[PDB]
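Chemist: Quick one: the structure is below, questions incoming.
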Amino acid sequence: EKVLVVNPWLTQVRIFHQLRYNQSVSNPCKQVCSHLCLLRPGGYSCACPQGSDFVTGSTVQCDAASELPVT
Amino acid sequence: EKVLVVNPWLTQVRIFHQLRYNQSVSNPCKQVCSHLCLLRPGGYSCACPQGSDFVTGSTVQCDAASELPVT
Amino acid sequence: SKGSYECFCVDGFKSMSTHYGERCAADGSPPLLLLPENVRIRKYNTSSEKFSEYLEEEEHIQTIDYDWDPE
Ligand SMILES: *[C@@H]1O[C@H](CO)[C@@H](O[C@@H]2O[C@H](CO)[C@@H](O)[C@H](O[C@@H]3O[C@H](CO)[C@@H](O)[C@H](O)[C@@H]3O)[C@H]2NC(C)=O)[C@H](O)[C@H]1NC(C)=O
Ligand SMILES: *[C@@H]1O[C@H](CO)[C@@H](O[C@@H]2O[C@H](CO)[C@@H](O)[C@H](O[C@@H]3O[C@H](CO)[C@@H](O)[C@H](O)[C@@H]3O)[C@H]2NC(C)=O)[C@H](O)[C@H]1NC(C)=O
Ligand SMILES: *[C@@H]1O[C@H](CO)[C@@H](O[C@@H]2O[C@H](CO)[C@@H](O)[C@H](O)[C@H]2NC(C)=O)[C@H](O)[C@H]1NC(C)=O
Ligand SMILES: [Ca+2]
């Protein structure tokens, strides 16, 4: 079935609805992570920005200075 | 100066206004012509459809059968 | 004239002093642009600066001309 016709400049179709992204999926992160708290199957993980590494002995805190959230 | 931006499908611009085509230009045709009355500098001329010719001896009437104007 | 001239403008053009020189107005509704795309023809009011719907659900358009209010 056809829907509509538009410019050859069209690049994507994306459905804007809430049921497409289940909003009741709880984030497993326990706020422990310093900078980033990436997800993984059944849990999460810690990471820090490019060109930085964890403080020696710890797998949570990284040496890079924190930055305030943008308004 | 830039006016607006549209598809690469854009194929013309034309100003839709009445002063753009002088409406008070009288047609010199005297309704004499049978089928077509084309214009020419300072006057007009008679013609008939392709694959037809004038009735012998006349430069107005052509042998092709007339057709009613479309509604 | 002898070392002088006048920038008169013809009937249907009111003289309007403007920026960087004087021009003569359109004496009527601001001009529309006609903008043909492969699938539709679009209108645009040069003063109101808004598109408005016109011939739609078409295909393979290429060029446009008009007759002002024949009837
Ligand atoms: C979006 O994701 C949420 C989970 O983050 C889904 O909610 C769960 O849906 C199942 C479907 O049948 C329910 O059972 C869950 O209720 C709970 O389930 C656990 C077992 O896993 C029980 O121990 C609890 O007692 C309770 O019955 C429900 N969980 C929550 C937290 O709501 C939801 O279906 C999903 N929605 C869509 C549209 O995908
Ligand atoms: C659109 O074309 C018409 C002609 O079809 C133009 O009208 C003529 O404009 C001239 C400009 O100065 C007038 O003089 C014409 O008036 C007539 O002038 C002759 C002498 O030259 C007299 O014998 C007539 O009695 C009459 O006064 C005028 N003619 C008509 C028939 O209106 C018009 O300017 C032009 N408009 C635009 C916007 O291009
Ligand atoms: C284009 O826009 C102009 C305004 O910039 C319109 O002109 C006005 O149109 C209303 C319509 O009711 C008239 O009452 C006003 O007198 C007009 N104002 C001026 C400045 O003349 C014009 O009608 C628009 N045309 C189209 C087709 O959209
Ligand atoms: Ca002079």
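Residues are named by chain letter and number: chains run A, B, ... in the order of the structure tokens, numbers start at 1 in each chain, and ligands are numbered from 1 in the order shown.
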Using only C-alpha atoms, determine which residues of chain A fall within 10 Å of chain B; present them as a VMD selection string.
Modeler: chain A and resid 6 to 9
Chemist: Could you work out which residues of chain B fall inside 7 Å of chain C? Count only C-alpha atoms, and format the result as a PyMOL selection string.
Modeler: chain B and resi 9-18
Chemist: Any chance you can output those residues with N, CA, C and O atoms as a compact mmCIF listing (two decimals), in the first residue's frame?
Modeler:
# COMPACT_ATOMS: atom_id res chain seq x y z
N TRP B 9 13.25 18.71 -7.64
CA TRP B 9 12.12 18.58 -8.60
C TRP B 9 11.58 19.93 -9.10
O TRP B 9 10.69 19.90 -9.94
N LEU B 10 12.03 21.09 -8.61
CA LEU B 10 11.51 22.38 -9.12
C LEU B 10 11.91 22.57 -10.59
O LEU B 10 13.09 22.41 -10.93
N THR B 11 10.94 22.91 -11.46
CA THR B 11 11.20 22.98 -12.93
C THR B 11 10.89 24.35 -13.54
O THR B 11 11.10 24.52 -14.75
N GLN B 12 10.41 25.33 -12.76
CA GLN B 12 10.11 26.67 -13.31
C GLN B 12 9.95 27.66 -12.16
O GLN B 12 9.70 27.23 -11.02
N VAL B 13 10.03 28.95 -12.45
CA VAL B 13 9.31 29.95 -11.63
C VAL B 13 8.53 30.79 -12.63
O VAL B 13 9.07 31.08 -13.70
N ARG B 14 7.29 31.16 -12.31
CA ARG B 14 6.52 32.06 -13.19
C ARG B 14 5.70 33.01 -12.32
O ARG B 14 4.99 32.53 -11.43
N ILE B 15 5.78 34.32 -12.56
CA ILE B 15 4.99 35.27 -11.75
C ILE B 15 3.56 35.24 -12.28
O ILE B 15 3.31 35.56 -13.44
N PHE B 16 2.63 34.86 -11.41
CA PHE B 16 1.19 34.85 -11.72
C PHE B 16 0.62 36.22 -11.33
O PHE B 16 0.31 36.45 -10.16
N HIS B 17 0.52 37.11 -12.32
CA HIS B 17 -0.04 38.47 -12.14
C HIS B 17 -0.61 38.96 -13.47
O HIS B 17 -0.21 38.48 -14.55
N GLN B 18 -1.54 39.93 -13.44
CA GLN B 18 -2.22 40.39 -14.67
C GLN B 18 -1.37 41.41 -15.43
O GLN B 18 -1.47 41.45 -16.67
Chemist: Where does chain A end up after superposition onto chain B over all in-order Cα pairs? Give it as a compact mmCIF listing (two decimals) with N, CA, C and O atoms, in the first residue's frame.
Modeler:
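Done, and the output landed in selection31.txt:
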# COMPACT_ATOMS: atom_id res chain seq x y z
N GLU A 1 19.41 38.23 -4.16
CA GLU A 1 18.59 37.96 -2.99
C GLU A 1 17.95 36.59 -3.16
O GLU A 1 17.49 36.26 -4.25
N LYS A 2 17.92 35.81 -2.08
CA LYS A 2 17.26 34.52 -2.09
C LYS A 2 15.81 34.70 -1.64
O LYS A 2 15.49 35.62 -0.89
N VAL A 3 14.94 33.82 -2.13
CA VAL A 3 13.51 33.91 -1.86
C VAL A 3 13.05 32.71 -1.04
O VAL A 3 12.53 32.89 0.06
N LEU A 4 13.21 31.50 -1.59
CA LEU A 4 12.80 30.30 -0.88
C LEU A 4 13.60 29.10 -1.37
O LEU A 4 14.25 29.16 -2.41
N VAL A 5 13.50 27.99 -0.62
CA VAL A 5 14.17 26.75 -0.95
C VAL A 5 13.14 25.63 -1.01
O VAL A 5 12.29 25.51 -0.14
N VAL A 6 13.26 24.78 -2.04
CA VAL A 6 12.25 23.80 -2.41
C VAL A 6 12.94 22.63 -3.14
O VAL A 6 14.17 22.63 -3.30
N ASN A 7 12.18 21.60 -3.52
CA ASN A 7 12.69 20.34 -4.03
C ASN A 7 13.65 20.53 -5.22
O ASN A 7 13.45 21.43 -6.04
N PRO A 8 14.62 19.62 -5.46
CA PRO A 8 15.34 19.59 -6.74
C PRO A 8 14.42 19.23 -7.91
O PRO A 8 14.79 19.44 -9.07
N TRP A 9 13.20 18.74 -7.62
CA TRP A 9 12.12 18.57 -8.59
C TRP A 9 11.54 19.89 -9.11
O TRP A 9 10.65 19.83 -9.96
N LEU A 10 11.95 21.07 -8.62
CA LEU A 10 11.49 22.33 -9.17
C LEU A 10 11.98 22.49 -10.61
O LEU A 10 13.13 22.21 -10.92
N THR A 11 11.09 22.98 -11.49
CA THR A 11 11.38 23.05 -12.91
C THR A 11 11.20 24.45 -13.49
O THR A 11 11.63 24.68 -14.62
N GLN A 12 10.55 25.37 -12.77
CA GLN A 12 10.26 26.68 -13.33
C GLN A 12 9.75 27.61 -12.24
O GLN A 12 9.17 27.15 -11.26
N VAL A 13 10.00 28.91 -12.41
CA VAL A 13 9.33 29.94 -11.65
C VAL A 13 8.58 30.82 -12.64
O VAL A 13 9.14 31.23 -13.66
N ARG A 14 7.30 31.09 -12.35
CA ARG A 14 6.47 31.91 -13.22
C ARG A 14 5.61 32.84 -12.36
O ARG A 14 4.95 32.38 -11.44
N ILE A 15 5.63 34.13 -12.68
CA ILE A 15 4.90 35.11 -11.89
C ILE A 15 3.44 35.10 -12.35
O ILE A 15 3.16 35.27 -13.53
N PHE A 16 2.52 34.87 -11.41
CA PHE A 16 1.10 34.84 -11.72
C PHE A 16 0.52 36.20 -11.35
O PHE A 16 0.19 36.45 -10.19
N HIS A 17 0.44 37.09 -12.34
CA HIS A 17 -0.11 38.43 -12.18
C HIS A 17 -0.66 38.90 -13.52
O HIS A 17 -0.30 38.35 -14.57
N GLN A 18 -1.55 39.89 -13.49
CA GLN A 18 -2.22 40.34 -14.70
C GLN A 18 -1.38 41.37 -15.46
O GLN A 18 -1.49 41.44 -16.69
N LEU A 19 -0.59 42.19 -14.76
CA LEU A 19 0.20 43.22 -15.43
C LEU A 19 1.33 42.61 -16.26
O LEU A 19 1.86 43.28 -17.14
N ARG A 20 1.69 41.35 -15.98
CA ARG A 20 2.73 40.66 -16.74
C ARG A 20 2.25 40.38 -18.17
O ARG A 20 3.08 40.33 -19.08
N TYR A 21 0.94 40.18 -18.36
CA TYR A 21 0.37 39.97 -19.68
C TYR A 21 -0.67 41.05 -19.95
O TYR A 21 -1.78 40.98 -19.43
N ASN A 22 -0.30 42.05 -20.76
CA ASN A 22 -1.18 43.19 -21.03
C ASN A 22 -2.48 42.68 -21.65
O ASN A 22 -2.49 42.22 -22.78
N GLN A 23 -3.59 42.80 -20.90
CA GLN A 23 -4.86 42.20 -21.30
C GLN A 23 -5.61 43.07 -22.30
O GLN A 23 -6.57 42.60 -22.91
N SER A 24 -5.19 44.34 -22.47
CA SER A 24 -5.88 45.27 -23.35
C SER A 24 -5.25 45.30 -24.75
O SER A 24 -5.32 46.31 -25.44
N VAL A 25 -4.65 44.17 -25.17
CA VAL A 25 -4.11 44.05 -26.52
C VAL A 25 -5.18 43.40 -27.40
O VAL A 25 -5.46 42.21 -27.26
N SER A 26 -5.78 44.21 -28.28
CA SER A 26 -6.88 43.77 -29.13
C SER A 26 -6.40 42.76 -30.17
O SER A 26 -5.34 42.94 -30.77
N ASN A 27 -7.19 41.71 -30.39
CA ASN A 27 -6.89 40.73 -31.43
C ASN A 27 -7.29 41.31 -32.78
O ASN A 27 -8.45 41.64 -32.99
N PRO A 28 -6.36 41.44 -33.75
CA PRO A 28 -6.71 42.00 -35.06
C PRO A 28 -7.62 41.13 -35.92
O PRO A 28 -8.12 41.60 -36.93
N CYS A 29 -7.84 39.87 -35.52
CA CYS A 29 -8.61 38.93 -36.32
C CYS A 29 -10.04 39.44 -36.52
O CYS A 29 -10.68 39.89 -35.57
N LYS A 30 -10.54 39.33 -37.76
CA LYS A 30 -11.87 39.80 -38.13
C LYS A 30 -12.86 38.64 -38.24
O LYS A 30 -13.89 38.78 -38.90
N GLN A 31 -12.54 37.49 -37.61
CA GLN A 31 -13.41 36.32 -37.56
C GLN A 31 -13.56 35.70 -38.95
O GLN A 31 -14.29 34.72 -39.10
N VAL A 32 -12.85 36.24 -39.94
CA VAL A 32 -12.92 35.76 -41.31
C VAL A 32 -12.40 34.32 -41.41
O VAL A 32 -12.99 33.50 -42.12
N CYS A 33 -11.31 34.02 -40.70
CA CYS A 33 -10.64 32.73 -40.78
C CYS A 33 -11.58 31.60 -40.38
O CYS A 33 -12.40 31.76 -39.47
N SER A 34 -11.45 30.47 -41.08
CA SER A 34 -12.32 29.31 -40.87
C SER A 34 -11.93 28.55 -39.60
O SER A 34 -12.78 28.31 -38.75
N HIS A 35 -10.65 28.17 -39.49
CA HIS A 35 -10.20 27.31 -38.40
C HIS A 35 -9.27 28.07 -37.45
O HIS A 35 -9.55 28.16 -36.25
N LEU A 36 -8.13 28.56 -37.96
CA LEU A 36 -7.15 29.25 -37.13
C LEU A 36 -6.89 30.64 -37.70
O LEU A 36 -6.90 30.83 -38.92
N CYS A 37 -6.65 31.60 -36.79
CA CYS A 37 -6.29 32.95 -37.17
C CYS A 37 -5.04 33.35 -36.41
O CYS A 37 -5.12 33.95 -35.34
N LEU A 38 -3.88 32.99 -36.96
CA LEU A 38 -2.60 33.30 -36.34
C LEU A 38 -2.29 34.79 -36.49
O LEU A 38 -2.79 35.45 -37.40
N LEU A 39 -1.44 35.29 -35.59
CA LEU A 39 -1.03 36.68 -35.62
C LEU A 39 0.24 36.86 -36.45
O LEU A 39 0.95 35.89 -36.74
N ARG A 40 0.51 38.12 -36.81
CA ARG A 40 1.73 38.52 -37.48
C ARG A 40 1.89 40.02 -37.30
O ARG A 40 0.92 40.71 -36.99
N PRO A 41 3.11 40.58 -37.44
CA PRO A 41 3.33 42.01 -37.24
C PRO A 41 2.38 42.90 -38.03
O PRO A 41 2.40 42.92 -39.26
N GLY A 42 1.53 43.60 -37.27
CA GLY A 42 0.57 44.56 -37.81
C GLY A 42 -0.71 43.91 -38.35
O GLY A 42 -1.54 44.63 -38.90
N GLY A 43 -0.90 42.59 -38.18
CA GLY A 43 -2.06 41.94 -38.76
C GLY A 43 -2.22 40.48 -38.33
O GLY A 43 -1.83 40.11 -37.23
N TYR A 44 -2.81 39.67 -39.22
CA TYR A 44 -3.10 38.28 -38.92
C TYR A 44 -2.96 37.45 -40.20
O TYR A 44 -2.57 37.97 -41.24
N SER A 45 -3.30 36.16 -40.09
CA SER A 45 -3.24 35.25 -41.21
C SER A 45 -4.15 34.05 -40.95
O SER A 45 -4.54 33.78 -39.81
N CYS A 46 -4.47 33.34 -42.04
CA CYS A 46 -5.32 32.16 -41.99
C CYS A 46 -4.47 30.90 -42.10
O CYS A 46 -3.44 30.89 -42.78
N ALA A 47 -4.92 29.83 -41.42
CA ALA A 47 -4.29 28.52 -41.51
C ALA A 47 -5.31 27.45 -41.14
O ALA A 47 -6.35 27.76 -40.56
N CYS A 48 -4.99 26.20 -41.49
CA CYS A 48 -5.84 25.06 -41.19
C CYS A 48 -4.99 23.90 -40.71
O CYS A 48 -3.78 23.87 -40.95
N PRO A 49 -5.59 22.90 -40.02
CA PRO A 49 -4.83 21.83 -39.38
C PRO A 49 -3.89 21.07 -40.31
O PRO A 49 -3.98 21.17 -41.53
N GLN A 50 -3.01 20.30 -39.68
CA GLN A 50 -2.06 19.44 -40.35
C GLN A 50 -2.78 18.41 -41.22
O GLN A 50 -3.85 17.92 -40.85
N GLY A 51 -2.19 18.10 -42.38
CA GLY A 51 -2.77 17.16 -43.33
C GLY A 51 -4.04 17.69 -44.00
O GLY A 51 -4.95 16.92 -44.30
N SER A 52 -4.08 19.00 -44.25
CA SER A 52 -5.21 19.63 -44.94
C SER A 52 -4.70 20.85 -45.69
O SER A 52 -3.62 21.37 -45.39
N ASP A 53 -5.48 21.31 -46.68
CA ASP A 53 -5.10 22.44 -47.51
C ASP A 53 -6.32 23.30 -47.80
O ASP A 53 -7.46 22.87 -47.61
N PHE A 54 -6.07 24.53 -48.26
CA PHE A 54 -7.12 25.47 -48.61
C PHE A 54 -7.94 24.94 -49.78
O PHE A 54 -7.41 24.26 -50.66
N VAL A 55 -9.24 25.25 -49.77
CA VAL A 55 -10.09 25.03 -50.93
C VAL A 55 -9.52 25.86 -52.08
O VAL A 55 -9.19 27.03 -51.90
N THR A 56 -9.42 25.23 -53.26
CA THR A 56 -8.73 25.82 -54.40
C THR A 56 -9.34 27.18 -54.74
O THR A 56 -10.56 27.30 -54.87
N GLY A 57 -8.47 28.19 -54.86
CA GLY A 57 -8.88 29.54 -55.22
C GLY A 57 -9.08 30.46 -54.01
O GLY A 57 -9.10 31.68 -54.18
N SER A 58 -9.23 29.89 -52.81
CA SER A 58 -9.48 30.66 -51.60
C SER A 58 -8.32 30.51 -50.62
O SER A 58 -7.69 29.45 -50.55
N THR A 59 -8.05 31.58 -49.86
CA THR A 59 -6.99 31.59 -48.85
C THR A 59 -7.59 31.72 -47.45
O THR A 59 -6.89 32.13 -46.53
N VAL A 60 -8.86 31.33 -47.28
CA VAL A 60 -9.53 31.42 -45.99
C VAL A 60 -10.11 30.06 -45.59
O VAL A 60 -9.80 29.56 -44.51
N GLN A 61 -10.98 29.51 -46.44
CA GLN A 61 -11.65 28.25 -46.16
C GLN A 61 -10.72 27.07 -46.47
O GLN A 61 -10.09 27.04 -47.53
N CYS A 62 -10.69 26.09 -45.56
CA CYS A 62 -9.94 24.86 -45.74
C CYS A 62 -10.89 23.67 -45.68
O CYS A 62 -11.94 23.74 -45.04
N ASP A 63 -10.51 22.57 -46.35
CA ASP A 63 -11.41 21.47 -46.64
C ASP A 63 -11.73 20.65 -45.39
O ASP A 63 -12.73 19.93 -45.38
N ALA A 64 -10.88 20.72 -44.35
CA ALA A 64 -11.05 19.92 -43.15
C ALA A 64 -12.33 20.33 -42.43
O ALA A 64 -12.62 21.52 -42.29
N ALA A 65 -13.10 19.32 -41.98
CA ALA A 65 -14.36 19.55 -41.29
C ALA A 65 -14.11 20.24 -39.94
O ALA A 65 -13.18 19.88 -39.21
N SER A 66 -14.96 21.22 -39.62
CA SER A 66 -14.86 21.96 -38.37
C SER A 66 -15.26 21.07 -37.20
O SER A 66 -15.98 20.09 -37.36
N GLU A 67 -14.77 21.44 -36.01
CA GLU A 67 -15.07 20.72 -34.78
C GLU A 67 -15.58 21.71 -33.73
O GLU A 67 -15.10 22.84 -33.65
N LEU A 68 -16.55 21.26 -32.92
CA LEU A 68 -17.18 22.12 -31.93
C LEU A 68 -16.18 22.42 -30.81
O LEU A 68 -15.36 21.57 -30.47
N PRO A 69 -16.24 23.63 -30.21
CA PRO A 69 -15.38 23.95 -29.07
C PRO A 69 -15.68 23.04 -27.88
O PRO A 69 -16.82 22.62 -27.68
N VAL A 70 -14.64 22.76 -27.10
CA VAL A 70 -14.74 21.80 -26.01
C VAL A 70 -15.24 22.53 -24.77
O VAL A 70 -14.82 23.66 -24.49
N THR A 71 -16.14 21.87 -24.04
CA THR A 71 -16.75 22.44 -22.84
C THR A 71 -15.91 22.05 -21.63
O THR A 71 -15.63 20.87 -21.42
Chemist: Check chain A with DSSP on the backbone and list each residue it calls strand (DSSP E), as a list in words.
Modeler: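 Output for chain A, strand (DSSP E) only: residues 36, 37, 38, 39, 40, 43, 44, 45, 46 and 47 of chain A.
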Chemist: Can you write just those residues out, N, CA, C and O atoms, as an mmCIF file, in the first residue's frame?
Modeler:
data_model
loop_
_atom_site.group_PDB
_atom_site.id
_atom_site.type_symbol
_atom_site.label_atom_id
_atom_site.label_comp_id
_atom_site.auth_asym_id
_atom_site.auth_seq_id
_atom_site.Cartn_x
_atom_site.Cartn_y
_atom_site.Cartn_z
ATOM 1 N N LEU A 36 29.786 7.689 32.849
ATOM 2 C CA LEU A 36 28.835 6.982 32.000
ATOM 3 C C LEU A 36 28.464 5.649 32.641
ATOM 4 O O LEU A 36 29.305 5.009 33.275
ATOM 5 N N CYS A 37 27.206 5.245 32.443
ATOM 6 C CA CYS A 37 26.724 3.956 32.907
ATOM 7 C C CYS A 37 26.040 3.253 31.741
ATOM 8 O O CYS A 37 24.824 3.351 31.581
ATOM 9 N N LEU A 38 26.839 2.549 30.932
ATOM 10 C CA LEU A 38 26.325 1.834 29.774
ATOM 11 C C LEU A 38 25.572 0.589 30.233
ATOM 12 O O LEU A 38 25.822 0.053 31.315
ATOM 13 N N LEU A 39 24.671 0.111 29.370
ATOM 14 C CA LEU A 39 23.897 -1.089 29.648
ATOM 15 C C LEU A 39 24.604 -2.326 29.102
ATOM 16 O O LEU A 39 25.504 -2.236 28.268
ATOM 17 N N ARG A 40 24.148 -3.486 29.585
ATOM 18 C CA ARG A 40 24.588 -4.786 29.103
ATOM 19 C C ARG A 40 23.548 -5.817 29.529
ATOM 20 O O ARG A 40 22.765 -5.559 30.442
ATOM 21 N N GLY A 43 22.326 -6.226 33.203
ATOM 22 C CA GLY A 43 23.033 -5.328 34.105
ATOM 23 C C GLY A 43 23.564 -4.072 33.418
ATOM 24 O O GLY A 43 22.979 -3.586 32.452
ATOM 25 N N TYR A 44 24.676 -3.544 33.941
ATOM 26 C CA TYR A 44 25.255 -2.306 33.445
ATOM 27 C C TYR A 44 26.773 -2.371 33.567
ATOM 28 O O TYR A 44 27.326 -3.401 33.942
ATOM 29 N N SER A 45 27.431 -1.256 33.234
ATOM 30 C CA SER A 45 28.875 -1.155 33.313
ATOM 31 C C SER A 45 29.290 0.313 33.399
ATOM 32 O O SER A 45 28.512 1.212 33.075
ATOM 33 N N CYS A 46 30.532 0.528 33.848
ATOM 34 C CA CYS A 46 31.109 1.855 33.995
ATOM 35 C C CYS A 46 32.065 2.140 32.839
ATOM 36 O O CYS A 46 32.731 1.237 32.337
ATOM 37 N N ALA A 47 32.126 3.415 32.435
ATOM 38 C CA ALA A 47 33.069 3.874 31.429
ATOM 39 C C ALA A 47 33.302 5.371 31.604
ATOM 40 O O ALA A 47 32.533 6.043 32.290
#
Chemist: At a cut-off of 10 Å around ligand 4, and using only C-alpha atoms and all ligand atoms, what residues come up? Please write them as an MDAnalysis selection string.
Modeler: chainID C and resid 1:6
Chemist: What is the atom 28 (C, counted along the ligand's line) of ligand 2-CA of residue 22 in chain C distance in Å, reported with one decimal?
Modeler: 24.7 Å
Chemist: How many Å lie between atom 37 (C, counted along the ligand's line) of ligand 2 and CA of residue 10 in chain C, rounded to one decimal?
Modeler: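 One can read the atom 37 (C, counted along the ligand's line) of ligand 2 to CA of residue 10 in chain C distance as 6.8 Å.
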